[PDB]
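Structure record follows, encoded as structure tokens.
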Amino acid sequence: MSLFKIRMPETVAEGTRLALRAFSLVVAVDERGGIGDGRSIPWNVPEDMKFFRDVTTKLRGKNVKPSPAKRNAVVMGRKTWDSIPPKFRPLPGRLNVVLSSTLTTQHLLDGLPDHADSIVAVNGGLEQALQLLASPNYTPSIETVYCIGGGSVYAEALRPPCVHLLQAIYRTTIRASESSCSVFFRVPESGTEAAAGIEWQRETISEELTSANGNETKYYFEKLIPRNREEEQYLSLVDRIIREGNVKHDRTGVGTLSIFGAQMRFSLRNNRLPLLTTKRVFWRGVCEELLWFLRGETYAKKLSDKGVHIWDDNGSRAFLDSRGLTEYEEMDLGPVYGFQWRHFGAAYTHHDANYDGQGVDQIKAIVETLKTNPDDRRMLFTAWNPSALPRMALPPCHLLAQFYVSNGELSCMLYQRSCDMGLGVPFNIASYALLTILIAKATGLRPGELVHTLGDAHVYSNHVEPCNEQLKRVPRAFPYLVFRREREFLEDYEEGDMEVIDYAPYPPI
Amino acid sequence: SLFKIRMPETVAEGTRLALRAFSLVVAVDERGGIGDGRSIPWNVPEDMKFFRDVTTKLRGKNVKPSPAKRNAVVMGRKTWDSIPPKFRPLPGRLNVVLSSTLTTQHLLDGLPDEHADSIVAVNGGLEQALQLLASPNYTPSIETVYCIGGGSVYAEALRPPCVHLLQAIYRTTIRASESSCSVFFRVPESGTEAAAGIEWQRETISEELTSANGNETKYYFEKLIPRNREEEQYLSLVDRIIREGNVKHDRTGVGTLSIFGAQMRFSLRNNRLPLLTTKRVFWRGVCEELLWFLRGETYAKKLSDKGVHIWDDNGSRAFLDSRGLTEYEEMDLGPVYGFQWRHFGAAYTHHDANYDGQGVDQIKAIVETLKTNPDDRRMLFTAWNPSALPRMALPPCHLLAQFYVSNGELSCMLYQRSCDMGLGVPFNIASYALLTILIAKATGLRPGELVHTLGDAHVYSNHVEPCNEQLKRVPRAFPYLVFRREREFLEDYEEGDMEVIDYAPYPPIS
Ligand SMILES: NC(=O)c1ccc[n+]([C@@H]2O[C@H](COP(=O)([O-])OP(=O)(O)OC[C@H]3O[C@@H](n4cnc5c(N)ncnc54)[C@H](OP(=O)(O)O)[C@@H]3O)[C@@H](O)[C@H]2O)c1
Ligand SMILES: NC(=O)c1ccc[n+]([C@@H]2O[C@H](COP(=O)([O-])OP(=O)(O)OC[C@H]3O[C@@H](n4cnc5c(N)ncnc54)[C@H](OP(=O)(O)O)[C@@H]3O)[C@@H](O)[C@H]2O)c1
Ligand SMILES: COc1cc(NCc2ccc3[nH+]c(N)nc(N)c3c2C)cc(OC)c1OC
Ligand SMILES: COc1cc(NCc2ccc3[nH+]c(N)nc(N)c3c2C)cc(OC)c1OC
């Protein structure tokens, strides 16, 4: 069963090679927005120093010791490096990236010593640095990148192409003011040319604190984030369902609030992955299940074994019996999803039987069509097989997708009949994002947009309370998907082959 | 007979007698006053002329008004009384008078001595008059209906249920201020409460004119229409495609501007039929094809013999041969659309073969579920069959529909993979409007909403210039579907059974 597989083309890698790495930015400014005199930092505020060290050293997981394996990186201009006393450099617990056209890596090591490799020089600007940090050697070993700046470096961060990779701004405002500030830092206001389409929202602001520096200086911290309209689509819909939805009751008898017919878009460009930030999504499961679908797999134990239990309840003897499927071996789910994708209309017996070259192979057909006739409007697959329906543990929710090509980009539309806004929808968004990414790789195209179409969009009545809390969260920027390695056939791709980078969801509640 | 779907015994709880679409004609002062209770306070002959002309004239070239094809004017009794006996009835128009006292045989009399049968008394308000003018008796003869008023009639015209049938308002403003006016008329402004969710817009306004009554009385005309948000929604999509769409090319190699993924909604409530007004839709064709779909038919000759030729190219000996279908006889389209709806997955041989009981009857199941468990989330039928595809003349374009129930109303969603905005789309909107209306009747629910999902929504390159001219047009209101008779079985509906009322679309784009 090898000639029934999808062969990936020679241009599989350049499809999804990460051009630039996503970064955050950390800065201190006065009320006039000035950042320094061009070689030194004017003010002395120890509480800003503590914040700076903390935001740039600490890692996502709790109590995780920074190490070559997993650490943060700080990127700085040469003059900023010079402003730090040689005794305190390199900054401990972080990878020091220094921008200079006159100083090499080894050259920086001269200066003060006297460890491992905590210093790298880059001949170029911030783009070149983010480019280097995009390579396997730094992705995903380096968890978060911070631009600790220098005027010209901040200047480069705040304009294309870099500004579109800027995920957060951690700004300290010092309430002093003087002539001595020559270099400046200003965040572009919403809807201006300098903003290049981005709309900076305020995530948090601290109360005004006083600095114990002898000068009684006031200061405060702000975290700014780039407005995530895509996730707001989703949040809006949830809010509309609670406010205006109809009370319905699904098969069990559980209450639900329901709206009918809706549509959402998500950009897949430049490695961008629409994993929701207001509530963490179980990505590993998303990844494992799609690959399981793609393979035409119908044995749930293959997911259960890899620690993915989303199909556990639907695969039990108890449930299968209650669907009259009394002859299915436990975890055998019948001709569901993947089977219809790769073997449409094929007669089903048991999971472990051979189904090679049986039924219609819709995925393969689409892959072949995209490569030859990209303008084709029949490029779509479905899992809604009325004949097979009774033989399935469960009817498909996401039952149809159509692909579309424009300017060498692959868009895909998914139609979902029943969409649980709490769990299904976030999961399925990621799922079809991955599919579209993979299919694009398989056809030598770039990812485009994912369009989601919803039928009965519902929120569960007891979920209303949790959901209302989540509505008061401002969506954060989406993470990115990169591939550790490629594989010769499509069906050979494993979860470990790909990595989700810069995923910073909110905590549970 | 046997494998067909039996219609319910009754009309769905809440359904309504068909109401006619009307325009309102009025003369007001700047304070909004229309009269003193029993007469008009001012003398402005130029308004009399405008009133005669707007209510008398028909749509054609020089079509003399006759009992065969004419307009109607609905008025209150007091208004009738105010018109001096020697001018009743108003020539070239059906005169509909509202009165609980006076009958047809009462008003006539009334007049000098010698007689017109262009009069009918109605014992009820404007609603009853609009009901009456929707009768099989009146819908041939009566082309446009005018509300020429009386304060009480205008009031009724401006509130639900009547206000929703108001296609236009022809207001004459007389620039006198008169204290004695005790009866008033205000057109409610967009966004306000009295507007009741209607957005009134000025279509035209005359320059200020002076009357020749020898008082230099200033006056002006304006036409006010309700905004058709839903056709605006379609047009904006068309306009967005032209402005932002990508250049693409169909199978033949013809140019298109296209966009991917869009969604439109249309209301079907009380059998409102979203037939687009800015370019005439071929309704008869839409109707015949749908009933053809519902019956599970696959023989296009059944369609082309009813003078409906949409499937002609796709049915020819030459075309079937090119799709590899050397076995099908001319016009045998294979297991397409209707076949999949009523026999999903059945082996196909020929159009004339018996298919009873074979495959899956998706419609019959959907109908059944709606009747018993309407919160169900599996009430959808697909024509997209990957097994059957290569045996079809054409793969389905509109390929999936989901049903939904809420507040005793049946809504429906349509997925369409390829969307031509000029011809295919407005046609399909009407197809699924009708379907949802029929399925509602079949399951005893009243019609709800049609949601339309578009895949590859496109406009043809050559069709760009004509579209831009259409885009400049202001949308008129949507017509209504009236079933003039009923059937025992859903499959038994002929096109003749249903009448579309008040569909007045624009002439062909020049
Ligand atoms: N307020 C704050 O928290 C904050 C933070 C950081 C820094 N600062 C202040 O900002 C001031 C320094 O600002 P600045 O803009 O003058 O200096 P800078 O950004 O720190 O350094 C600029 C240097 O970086 C290198 N560089 C920049 N772009 C390059 C490119 N495209 N290709 C190759 N090399 C490139 C060049 O070094 P080579 O000449 O060696 O090639 C250039 O001279 C200092 O006063 C510092 O204290 C303030
Ligand atoms: N400026 C203009 O464009 C314009 C146009 C027309 C009229 N007007 C003026 O408006 C004034 C009259 O206004 P109005 O409201 O008092 O009179 P109206 O609307 O013309 O007539 C009211 C009468 O119509 C009948 N009617 C109305 N609703 C009915 C219902 N629901 N069921 C049964 N019968 C119904 C009743 O007659 P019965 O008592 O017999 O039952 C009622 O008394 C006059 O001054 C007239 O000149 C102005
Ligand atoms: C704490 O260690 C030190 C760090 C620095 N770096 C400059 C400096 C200071 C505050 C800062 N604060 C923020 N928010 N962001 C920065 N990018 C930042 C930088 C870049 C300079 C020092 O010498 C004055 C020093 O030793 C005290
Ligand atoms: C049609 O001829 C006549 C009509 C009327 N009816 C009142 C009247 C007057 C102006 C009007 N003007 C407009 N814009 N619309 C009307 N609805 C209207 C009506 C309803 C009264 C008449 O006697 C003075 C008369 O004979 C000249």
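Labels used: A, B, ... for chains in the order of the structure tokens, numbers from 1 for residues in each chain, and numbers from 1 for ligands as shown.
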### Query
Which neighbours of residue 122 in chain A fall inside 7 Å, counting only C-alpha atoms, when residues of the same chain fewer than 6 positions from it are skipped, and could you give them as a PyMOL selection string?
chain A and resi 98-100+129
Could you turn the residues from that selection into a file that holds N, CA, C and O atoms, as a short mmCIF file (atom, residue, chain, number, x, y, z; two decimals), in the first residue's frame?
```
data_model
loop_
_atom_site.label_atom_id
_atom_site.label_comp_id
_atom_site.auth_asym_id
_atom_site.auth_seq_id
_atom_site.Cartn_x
_atom_site.Cartn_y
_atom_site.Cartn_z
N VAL A 98 23.47 40.57 18.72
CA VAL A 98 23.95 41.94 18.54
C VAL A 98 24.10 42.32 17.07
O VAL A 98 24.77 41.63 16.30
N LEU A 99 23.47 43.43 16.69
CA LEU A 99 23.51 43.93 15.32
C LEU A 99 24.68 44.89 15.11
O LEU A 99 24.76 45.93 15.77
N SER A 100 25.58 44.52 14.19
CA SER A 100 26.76 45.33 13.86
C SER A 100 27.41 44.90 12.55
O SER A 100 27.45 43.71 12.22
N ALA A 129 18.44 39.46 11.64
CA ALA A 129 18.42 38.76 12.93
C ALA A 129 17.22 37.80 13.07
O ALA A 129 17.38 36.65 13.48
#
```
May I have a table of the residues of chain B lying at most 7 Å from ligand 2, giving each one's closest pair of atoms and their distance in Å to one decimal, counting only C-alpha atoms and all ligand atoms, ordered by chain and ascending residue number, as JSON lines?
```
{"residue": "B:25", "atom": "CA", "partner": "ligand 2", "partner_atom_place_in_ligand_line": "3 (O)", "distance": 6.4}
{"residue": "B:26", "atom": "CA", "partner": "ligand 2", "partner_atom_place_in_ligand_line": "3 (O)", "distance": 3.4}
{"residue": "B:27", "atom": "CA", "partner": "ligand 2", "partner_atom_place_in_ligand_line": "3 (O)", "distance": 3.6}
{"residue": "B:28", "atom": "CA", "partner": "ligand 2", "partner_atom_place_in_ligand_line": "1 (N)", "distance": 5.4}
{"residue": "B:34", "atom": "CA", "partner": "ligand 2", "partner_atom_place_in_ligand_line": "1 (N)", "distance": 3.9}
{"residue": "B:35", "atom": "CA", "partner": "ligand 2", "partner_atom_place_in_ligand_line": "45 (O)", "distance": 3.8}
{"residue": "B:36", "atom": "CA", "partner": "ligand 2", "partner_atom_place_in_ligand_line": "45 (O)", "distance": 4.6}
{"residue": "B:37", "atom": "CA", "partner": "ligand 2", "partner_atom_place_in_ligand_line": "45 (O)", "distance": 3.7}
{"residue": "B:38", "atom": "CA", "partner": "ligand 2", "partner_atom_place_in_ligand_line": "45 (O)", "distance": 3.7}
{"residue": "B:39", "atom": "CA", "partner": "ligand 2", "partner_atom_place_in_ligand_line": "47 (O)", "distance": 3.5}
{"residue": "B:40", "atom": "CA", "partner": "ligand 2", "partner_atom_place_in_ligand_line": "47 (O)", "distance": 4.4}
{"residue": "B:75", "atom": "CA", "partner": "ligand 2", "partner_atom_place_in_ligand_line": "20 (O)", "distance": 6.0}
{"residue": "B:76", "atom": "CA", "partner": "ligand 2", "partner_atom_place_in_ligand_line": "20 (O)", "distance": 3.5}
{"residue": "B:77", "atom": "CA", "partner": "ligand 2", "partner_atom_place_in_ligand_line": "24 (O)", "distance": 4.1}
{"residue": "B:78", "atom": "CA", "partner": "ligand 2", "partner_atom_place_in_ligand_line": "20 (O)", "distance": 4.0}
{"residue": "B:79", "atom": "CA", "partner": "ligand 2", "partner_atom_place_in_ligand_line": "20 (O)", "distance": 3.9}
{"residue": "B:80", "atom": "CA", "partner": "ligand 2", "partner_atom_place_in_ligand_line": "20 (O)", "distance": 6.8}
{"residue": "B:82", "atom": "CA", "partner": "ligand 2", "partner_atom_place_in_ligand_line": "47 (O)", "distance": 6.0}
{"residue": "B:98", "atom": "CA", "partner": "ligand 2", "partner_atom_place_in_ligand_line": "25 (C)", "distance": 4.6}
{"residue": "B:99", "atom": "CA", "partner": "ligand 2", "partner_atom_place_in_ligand_line": "40 (O)", "distance": 3.8}
{"residue": "B:100", "atom": "CA", "partner": "ligand 2", "partner_atom_place_in_ligand_line": "41 (O)", "distance": 3.9}
{"residue": "B:101", "atom": "CA", "partner": "ligand 2", "partner_atom_place_in_ligand_line": "40 (O)", "distance": 4.6}
{"residue": "B:102", "atom": "CA", "partner": "ligand 2", "partner_atom_place_in_ligand_line": "40 (O)", "distance": 5.8}
{"residue": "B:123", "atom": "CA", "partner": "ligand 2", "partner_atom_place_in_ligand_line": "33 (C)", "distance": 5.1}
{"residue": "B:124", "atom": "CA", "partner": "ligand 2", "partner_atom_place_in_ligand_line": "32 (N)", "distance": 3.5}
{"residue": "B:125", "atom": "CA", "partner": "ligand 2", "partner_atom_place_in_ligand_line": "31 (N)", "distance": 3.3}
{"residue": "B:126", "atom": "CA", "partner": "ligand 2", "partner_atom_place_in_ligand_line": "31 (N)", "distance": 6.8}
{"residue": "B:148", "atom": "CA", "partner": "ligand 2", "partner_atom_place_in_ligand_line": "6 (C)", "distance": 5.6}
{"residue": "B:149", "atom": "CA", "partner": "ligand 2", "partner_atom_place_in_ligand_line": "6 (C)", "distance": 4.5}
{"residue": "B:150", "atom": "CA", "partner": "ligand 2", "partner_atom_place_in_ligand_line": "19 (O)", "distance": 3.2}
{"residue": "B:151", "atom": "CA", "partner": "ligand 2", "partner_atom_place_in_ligand_line": "15 (O)", "distance": 3.4}
{"residue": "B:152", "atom": "CA", "partner": "ligand 2", "partner_atom_place_in_ligand_line": "15 (O)", "distance": 3.6}
{"residue": "B:153", "atom": "CA", "partner": "ligand 2", "partner_atom_place_in_ligand_line": "19 (O)", "distance": 4.7}
{"residue": "B:183", "atom": "CA", "partner": "ligand 2", "partner_atom_place_in_ligand_line": "11 (C)", "distance": 6.5}
```
File dump, residues just selected, N, CA and C atoms, as a compact mmCIF listing (two decimals), in the first residue's frame:
```txt
# COMPACT_ATOMS: atom_id res chain seq x y z
N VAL B 25 -50.51 57.68 -2.23
CA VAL B 25 -50.49 59.02 -2.85
C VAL B 25 -51.15 60.04 -1.94
N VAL B 26 -50.43 61.13 -1.66
CA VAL B 26 -50.84 62.09 -0.64
C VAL B 26 -50.40 63.52 -0.96
N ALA B 27 -51.18 64.49 -0.48
CA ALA B 27 -50.84 65.91 -0.54
C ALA B 27 -50.87 66.47 0.88
N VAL B 28 -49.80 67.15 1.28
CA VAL B 28 -49.65 67.64 2.66
C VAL B 28 -49.15 69.08 2.68
N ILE B 34 -53.26 67.25 6.11
CA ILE B 34 -53.83 66.76 4.85
C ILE B 34 -55.25 67.24 4.59
N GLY B 35 -55.93 67.70 5.64
CA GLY B 35 -57.32 68.09 5.52
C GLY B 35 -57.90 68.63 6.81
N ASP B 36 -59.16 69.07 6.73
CA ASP B 36 -59.89 69.66 7.85
C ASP B 36 -60.83 68.65 8.49
N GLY B 37 -60.79 67.42 7.98
CA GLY B 37 -61.72 66.38 8.40
C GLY B 37 -62.70 66.01 7.30
N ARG B 38 -63.16 67.01 6.55
CA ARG B 38 -64.15 66.77 5.49
C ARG B 38 -63.83 67.39 4.11
N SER B 39 -62.70 68.11 4.00
CA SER B 39 -62.26 68.69 2.72
C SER B 39 -60.76 69.04 2.66
N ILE B 40 -60.27 69.33 1.46
CA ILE B 40 -58.91 69.84 1.24
C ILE B 40 -58.93 71.38 1.36
N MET B 75 -59.80 54.14 -1.10
CA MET B 75 -60.08 55.35 -0.33
C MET B 75 -61.04 55.08 0.83
N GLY B 76 -60.97 55.93 1.85
CA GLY B 76 -61.96 55.94 2.92
C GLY B 76 -63.26 56.56 2.45
N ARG B 77 -64.34 56.27 3.17
CA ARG B 77 -65.67 56.73 2.79
C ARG B 77 -65.78 58.26 2.76
N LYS B 78 -65.15 58.91 3.73
CA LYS B 78 -65.19 60.37 3.85
C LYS B 78 -64.53 61.03 2.64
N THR B 79 -63.43 60.44 2.19
CA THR B 79 -62.73 60.89 0.99
C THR B 79 -63.63 60.78 -0.24
N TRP B 80 -64.31 59.64 -0.37
CA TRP B 80 -65.29 59.43 -1.44
C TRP B 80 -66.34 60.53 -1.39
N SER B 82 -66.15 63.45 -0.09
CA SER B 82 -65.57 64.76 -0.39
C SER B 82 -65.49 65.02 -1.89
N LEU B 98 -63.90 52.10 1.38
CA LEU B 98 -63.98 51.44 2.68
C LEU B 98 -65.14 51.99 3.50
N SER B 99 -66.08 51.12 3.86
CA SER B 99 -67.25 51.52 4.65
C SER B 99 -67.93 50.31 5.28
N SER B 100 -68.38 50.48 6.52
CA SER B 100 -69.15 49.44 7.19
C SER B 100 -70.64 49.71 6.99
N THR B 101 -70.99 50.96 6.69
CA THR B 101 -72.36 51.31 6.35
C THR B 101 -72.67 51.05 4.87
N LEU B 102 -72.03 51.81 3.98
CA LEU B 102 -72.35 51.78 2.55
C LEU B 102 -71.83 50.54 1.83
N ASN B 123 -66.20 46.14 3.32
CA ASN B 123 -66.50 46.25 4.74
C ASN B 123 -65.31 45.83 5.61
N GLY B 124 -64.34 46.73 5.68
CA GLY B 124 -63.07 46.51 6.38
C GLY B 124 -62.13 47.63 6.01
N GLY B 125 -60.92 47.59 6.56
CA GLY B 125 -59.92 48.62 6.28
C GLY B 125 -59.07 48.35 5.05
N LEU B 126 -57.87 48.92 5.04
CA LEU B 126 -56.95 48.72 3.92
C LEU B 126 -56.47 47.26 3.79
N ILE B 148 -55.12 56.24 -1.83
CA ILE B 148 -55.39 57.66 -2.04
C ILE B 148 -56.03 58.25 -0.78
N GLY B 149 -56.23 57.38 0.20
CA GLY B 149 -56.28 57.78 1.59
C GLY B 149 -57.56 58.18 2.25
N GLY B 150 -57.45 59.32 2.92
CA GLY B 150 -58.20 59.62 4.12
C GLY B 150 -57.22 59.40 5.25
N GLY B 151 -57.25 60.26 6.26
CA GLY B 151 -56.32 60.18 7.38
C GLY B 151 -56.27 58.82 8.06
N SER B 152 -57.43 58.19 8.22
CA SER B 152 -57.55 56.88 8.87
C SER B 152 -56.96 55.77 8.01
N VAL B 153 -57.05 55.94 6.70
CA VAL B 153 -56.53 54.95 5.76
C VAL B 153 -55.01 55.05 5.69
N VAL B 183 -56.23 66.95 10.56
CA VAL B 183 -55.80 65.61 10.19
C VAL B 183 -54.40 65.70 9.58
```
### Task
May I ask you to extract the residues of chain B within 9 Å of chain A, using only C-alpha atoms, and to give them as a PyMOL selection string?
chain B and resi 246-251+260-263+265+344-345+359-360+362+375-378+380-382+384-387+395+397+402-404+406-407+411-413+415+417-418+451-453+455-456
Once you have the residues from the selection above, write them out as a short mmCIF file (atom, residue, chain, number, x, y, z; two decimals), in the first residue's frame, restricted to C-alpha atoms.
```cif
data_model
loop_
_atom_site.label_atom_id
_atom_site.label_comp_id
_atom_site.auth_asym_id
_atom_site.auth_seq_id
_atom_site.Cartn_x
_atom_site.Cartn_y
_atom_site.Cartn_z
CA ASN B 246 -9.16 38.25 -9.16
CA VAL B 247 -8.89 37.54 -12.87
CA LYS B 248 -9.68 33.86 -13.39
CA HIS B 249 -10.70 31.72 -16.37
CA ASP B 250 -13.36 29.03 -16.76
CA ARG B 251 -13.01 25.70 -18.65
CA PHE B 260 -13.95 33.14 -2.61
CA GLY B 261 -16.47 32.73 0.21
CA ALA B 262 -19.47 34.99 0.76
CA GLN B 263 -22.83 34.72 2.53
CA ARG B 265 -29.60 36.06 3.72
CA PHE B 344 -28.98 8.90 -3.30
CA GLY B 345 -26.58 6.16 -4.33
CA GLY B 359 -31.19 4.66 -3.03
CA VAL B 360 -31.89 7.04 -0.14
CA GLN B 362 -33.20 12.35 1.41
CA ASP B 375 -34.17 20.58 16.73
CA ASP B 376 -32.33 17.92 14.73
CA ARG B 377 -28.97 18.89 13.23
CA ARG B 378 -28.79 16.28 10.46
CA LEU B 380 -29.54 18.16 5.10
CA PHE B 381 -29.51 16.82 1.55
CA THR B 382 -26.56 16.61 -0.78
CA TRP B 384 -22.55 15.77 -4.42
CA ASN B 385 -21.97 12.05 -4.96
CA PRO B 386 -18.28 11.25 -5.86
CA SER B 387 -19.33 7.76 -7.01
CA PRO B 395 -21.56 17.85 -11.43
CA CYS B 397 -23.45 23.36 -8.62
CA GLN B 402 -29.40 22.31 5.50
CA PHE B 403 -32.72 22.93 7.25
CA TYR B 404 -33.37 24.69 10.54
CA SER B 406 -37.00 28.29 15.00
CA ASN B 407 -40.23 29.96 16.19
CA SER B 411 -35.05 28.31 7.49
CA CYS B 412 -32.62 26.78 5.04
CA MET B 413 -29.00 26.96 3.95
CA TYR B 415 -24.11 25.69 -0.45
CA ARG B 417 -19.52 25.72 -5.23
CA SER B 418 -19.54 27.98 -8.28
CA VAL B 451 -29.16 31.67 3.82
CA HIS B 452 -26.95 31.37 0.74
CA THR B 453 -23.30 30.27 0.91
CA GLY B 455 -17.92 29.28 -3.06
CA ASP B 456 -16.30 30.73 -6.16
#
```
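The smallest atom-to-atom distance between residue 485 in chain A and any of A:155, A:13, A:383, A:290, using only C-alpha atoms, is found for A:13.
Nearest residue to residue 154 in chain A, choosing from A:24, A:172, A:123, A:252 and counting only C-alpha atoms: A:24.
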### Message
What residues of the protein or nucleic acid chains come within 9 Å of ligand 1 when you use only C-alpha atoms and all ligand atoms? Reply as number ranges by chain.
### Response
A: 26-30, 34-43, 48-49, 52, 76-84, 98-103, 122-128, 147-156, 171-172, 181-185
Give me a file of those residues, with C-alpha atoms, as a compact mmCIF listing (two decimals), in the first residue's frame.
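Result written to out-v9.txt:
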```
# COMPACT_ATOMS: atom_id res chain seq x y z
CA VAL A 26 10.55 45.87 25.32
CA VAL A 27 11.18 49.58 25.85
CA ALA A 28 11.28 52.42 28.37
CA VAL A 29 10.19 55.97 27.41
CA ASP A 30 9.40 59.35 28.97
CA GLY A 34 12.10 59.83 24.13
CA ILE A 35 14.29 56.79 24.78
CA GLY A 36 17.86 58.08 25.21
CA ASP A 37 20.62 60.53 24.29
CA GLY A 38 22.09 58.34 21.51
CA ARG A 39 24.57 56.39 23.68
CA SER A 40 23.27 56.23 27.29
CA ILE A 41 19.97 55.85 29.13
CA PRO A 42 19.10 59.12 30.97
CA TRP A 43 17.04 57.88 33.97
CA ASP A 48 12.16 49.07 35.35
CA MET A 49 15.44 47.11 35.40
CA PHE A 52 13.12 44.15 32.02
CA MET A 76 20.02 44.61 20.32
CA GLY A 77 21.86 47.22 18.27
CA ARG A 78 25.62 47.60 18.75
CA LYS A 79 25.42 50.91 20.62
CA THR A 80 22.99 49.46 23.18
CA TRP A 81 25.42 46.60 23.84
CA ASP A 82 28.12 49.27 24.42
CA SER A 83 25.84 51.05 26.92
CA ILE A 84 25.78 47.94 29.13
CA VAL A 98 23.95 41.94 18.54
CA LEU A 99 23.51 43.93 15.32
CA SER A 100 26.76 45.33 13.86
CA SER A 101 28.59 45.61 10.53
CA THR A 102 32.03 46.14 12.12
CA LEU A 103 32.01 43.63 15.00
CA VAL A 122 24.54 39.61 12.93
CA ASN A 123 25.85 41.62 9.97
CA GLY A 124 22.58 43.39 9.17
CA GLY A 125 19.45 44.86 10.76
CA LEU A 126 16.60 43.36 12.77
CA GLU A 127 15.22 41.61 9.69
CA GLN A 128 18.46 39.67 9.22
CA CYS A 147 13.86 43.47 20.62
CA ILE A 148 15.51 45.33 23.50
CA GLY A 149 16.25 47.92 20.88
CA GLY A 150 18.23 51.00 20.32
CA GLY A 151 16.41 53.74 18.39
CA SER A 152 17.21 52.49 14.88
CA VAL A 153 16.33 48.91 15.87
CA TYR A 154 12.97 50.01 17.30
CA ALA A 155 12.52 52.03 14.10
CA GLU A 156 13.05 48.89 12.04
CA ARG A 171 6.50 49.61 27.52
CA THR A 172 7.64 51.32 30.70
CA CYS A 181 16.43 62.89 24.77
CA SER A 182 17.35 62.90 21.07
CA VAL A 183 16.06 59.44 19.99
CA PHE A 184 12.31 58.72 20.22
CA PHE A 185 9.81 55.84 20.32
```
### Message
I'd like to know which residues of range 12-93 of chain A are alpha helix (DSSP H) (by DSSP, run on the backbone); could you write them as number ranges by chain?
### Response
A: 46-57, 78-83
### Message
Which residue is closest to ligand 3? Choose from A:473, A:398, A:89, A:317 and count only C-alpha atoms and all ligand atoms.
### Response
A:89
### Message
Using only C-alpha atoms, which protein or nucleic acid residues come within 12 Å of residue 354 in chain B? Drop anything in the same chain fewer than 6 positions from it, and give the result as a PyMOL selection string.
### Response
chain B and resi 3+296-297+339+343+346-348
Which residues are close to residue 372 in chain B, i.e. within 12 Å by only C-alpha atoms, leaving aside same-chain residues fewer than 3 positions away? Reply as a JSON list (two decimals) with N, CA and C atoms, in the first residue's frame.
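File written: out_1.json
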```
[["chain", "number", "residue", "atom", "x", "y", "z"],
["B", 365, "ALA", "N", -37.01, 11.84, 4.14],
["B", 365, "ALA", "CA", -36.46, 11.76, 5.49],
["B", 365, "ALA", "C", -36.47, 13.13, 6.17],
["B", 366, "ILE", "N", -35.97, 14.14, 5.46],
["B", 366, "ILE", "CA", -35.95, 15.51, 5.97],
["B", 366, "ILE", "C", -37.36, 15.97, 6.35],
["B", 367, "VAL", "N", -38.33, 15.70, 5.48],
["B", 367, "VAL", "CA", -39.73, 16.06, 5.72],
["B", 367, "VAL", "C", -40.22, 15.41, 7.01],
["B", 368, "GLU", "N", -39.93, 14.12, 7.13],
["B", 368, "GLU", "CA", -40.28, 13.31, 8.29],
["B", 368, "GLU", "C", -39.69, 13.85, 9.60],
["B", 369, "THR", "N", -38.41, 14.20, 9.59],
["B", 369, "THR", "CA", -37.74, 14.70, 10.78],
["B", 369, "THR", "C", -38.34, 16.03, 11.24],
["B", 375, "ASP", "N", -35.44, 20.11, 16.18],
["B", 375, "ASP", "CA", -34.17, 20.58, 16.73],
["B", 375, "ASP", "C", -33.01, 19.75, 16.20],
["B", 376, "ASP", "N", -33.32, 18.82, 15.31],
["B", 376, "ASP", "CA", -32.33, 17.92, 14.73],
["B", 376, "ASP", "C", -31.30, 18.70, 13.93],
["B", 379, "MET", "N", -30.55, 17.44, 9.24],
["B", 379, "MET", "CA", -31.58, 17.62, 8.22],
["B", 379, "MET", "C", -31.04, 18.30, 6.98],
["B", 405, "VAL", "N", -35.17, 24.93, 12.16],
["B", 405, "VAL", "CA", -36.47, 25.36, 12.65],
["B", 405, "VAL", "C", -36.27, 26.26, 13.86],
["B", 443, "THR", "N", -44.47, 20.17, 5.77],
["B", 443, "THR", "CA", -44.20, 19.79, 7.15],
["B", 443, "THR", "C", -45.02, 20.62, 8.13],
["B", 444, "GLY", "N", -45.84, 21.51, 7.60],
["B", 444, "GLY", "CA", -46.74, 22.31, 8.43],
["B", 444, "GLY", "C", -46.05, 23.39, 9.24],
["B", 445, "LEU", "N", -44.93, 23.87, 8.74],
["B", 445, "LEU", "CA", -44.27, 25.04, 9.32],
["B", 445, "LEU", "C", -44.45, 26.21, 8.36]]
```
